[PDB]
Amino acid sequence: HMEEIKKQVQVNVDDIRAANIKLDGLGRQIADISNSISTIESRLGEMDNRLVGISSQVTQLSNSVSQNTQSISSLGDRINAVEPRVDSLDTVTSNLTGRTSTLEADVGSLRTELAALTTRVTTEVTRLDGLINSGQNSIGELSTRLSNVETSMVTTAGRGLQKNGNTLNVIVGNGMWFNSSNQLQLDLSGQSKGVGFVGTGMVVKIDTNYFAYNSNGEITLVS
């Protein structure tokens, strides 16, 4: 009885000792786990700061991207506006380039036709002066013919003549008349008063019973 209780007391001494050993091993393991807790919480706080920093940069980046999107859209509308203006300018200037070239051709045509008309005016004036000069000469010839008519014409009746209009008349006193042939003749009183014609010749008419003509042409008496 005494020996049995004494042995269970020593067994208790050894079990207590062993339990303290086992207890100390668990306490060490708990101390390791607390070290891990502290390491985890440090990492947690460090990671939270990095999270804030990154999310901050990402939001700041997104502000710059939205500004860029907005600018691109604005640039897009400006380029949209410029292109048709340039289209229209191409159409306009290509038509002007043709129209200018045609104008240069038309101006050279005008110069040619003006130059030729200038020479034509000179040519024809010179020609018409030539015809006028020839005509003036002809007039001078007529004028010469008029002067010759003027200096050879008869305008004035002199001795024995009388002008009536454009007619001249011989004017005569006694002893002469004009016969039915318009000839100037002597008037011998119808040859009944001693003087007569023999042919064209004047004679004294004589009774040849009593008169003759002698060799002097005088009248004389016969027998």
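We number the residues from 1 along the sequence you see.
Averaged over their C-alpha atoms, the temperature factors of 81-89 and 139-147 are higher for 139-147. Legend: mean Cα B-factor per stretch from the PDB entry, 183-191 versus 36-44; the higher mean is in 36-44.
Across the options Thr69, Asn174, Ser56, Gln29, the residue with the most elevated CA B-factor in the record is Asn174.
Looking only at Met153, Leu103, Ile132, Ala115, the residue with the top Cα B factor in the deposited structure is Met153. Placement of the Cα temperature factor of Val11 within the chain: middle third of the modelled residues, per the deposited record. The PDB entry assigns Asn209 a C-alpha temperature factor belonging to the highest third of its chain's modelled residues. Compared with the other modelled residues of the chain, the Cα B-factor recorded for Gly165 ranks in the highest third.
Ranked by C-alpha B-factor against the other modelled residues of its chain, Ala157 falls in the highest third.
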